[PDB]
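Both blocks below hold the same protein chain, though in two forms, and each is given as structure tokens: structure 1 and structure 2.
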Structure 1
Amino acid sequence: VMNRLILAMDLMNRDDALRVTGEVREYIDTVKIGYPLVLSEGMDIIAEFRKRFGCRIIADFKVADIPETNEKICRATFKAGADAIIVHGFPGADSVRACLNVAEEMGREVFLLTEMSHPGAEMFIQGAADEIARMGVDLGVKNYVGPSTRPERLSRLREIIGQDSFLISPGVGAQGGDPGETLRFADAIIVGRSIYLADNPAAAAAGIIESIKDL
């Protein structure tokens, strides 16, 4: 991704989302759009963004249903123009395989979320994360998501998935993660609030890139 930086566009109204994304477009090539924006403005916002900014769109829907419903969610999401979708691994292998089958049919990609970045992830997800990552490898998953807030866990995840897999990581900025440290293990960092709630989003994005290039 351009500059190894992915914008998590979680503003909830179209006008603000369009303004901020346009202000930082020169510093990224990939926008992560999730339910806060889609449930507020509609799935058509994905194609509008993709077209208007000529960026790749990752739908961060953290898919976590049974196989049959996961297939339907992935189909609707790719039909809407998304390039990739983020799926939870904790529901198990059949749920993840359902997403991979649709991505294969539609020429898109699946990112497997292993361990989450917030405090509560320590309760149940962390203990299963190494196994979820190994399950991903066994299924042929090549794209993964891991926590910026726990670089030692990000390192262990990178260890399991190997150097050829692509790893992106949220939790930078607002949640406490560091761009530089996270990029020791992840290929790209996801940043939301530190950029979109900033008084000057372009300056915030630029400042992060400056740290990155220095690496």
Structure 2
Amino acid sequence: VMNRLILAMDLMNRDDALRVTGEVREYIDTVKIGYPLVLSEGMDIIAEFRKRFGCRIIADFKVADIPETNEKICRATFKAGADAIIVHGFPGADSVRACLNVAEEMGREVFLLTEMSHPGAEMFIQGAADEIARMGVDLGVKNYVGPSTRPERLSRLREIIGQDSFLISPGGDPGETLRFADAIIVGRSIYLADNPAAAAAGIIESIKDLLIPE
């Protein structure tokens, strides 16, 4: 949200993760954290980022279980401090709804992952992408996460979810991506930079130059 830039904190050692995040806090307030960091350092790391830096945390857990278990995963995740959680749609409407129910009760957010673009994604994901996105619309999902690369797929997703829905995705960027996504997710280009704060600053400048309405 802040500056339409989300940091994908994918480092696995706690020191570097905390260091880099604090260094860019001036320009980025939203950070995405996945399982590798959480499983190695504990869920308390989420609480630490929020408590210590006041950032918003998106748990990229790609939740993909049956309804009752999804509910428990979301509860434990929101209890630990996450503001939002990323959920798979392939498991069906029921499994997504369970996540929406907990988010509703706790005042948090669910991001629906509609497709992936890694090799192998063409086997089952690509073919179900539009239908999964439409299922999200039918479920009242308001936040979506896009695959990656291929700007043409992004345009398609936006057409399905509408102008009102919130869409985030990784990376002529940031411009190409932000023609359709509301915020761009950036990891390496920032956390592997000699001066992370400088890299974030540079990208934010590019983003502001776009003069994006609303």
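So that the term is clear: the rigid core is the largest set of C-alpha atoms that superpose within 1.5 Å between two forms. Shifts are known only where both forms have a C-alpha. Numbering runs along the sequence of structure 1, starting at 1.
- When the two forms are superposed on their rigid core between the two structures, the C-alpha shift of 2 Å or more among 135, 73, 80, 121 belongs solely to 121.
- For residue 145, the CA shift between the two structures after superposing the rigid core equals 0.6 Å.
- Once the rigid core is matched between the two structures, the CA atom of residue 37 is found 1.2 Å away.
- When the two forms are fitted on their rigid core, the residues between the two structures that move as a run of three or more, each C-alpha shifted by 2 Å or more, fall solely in 117 to 124.
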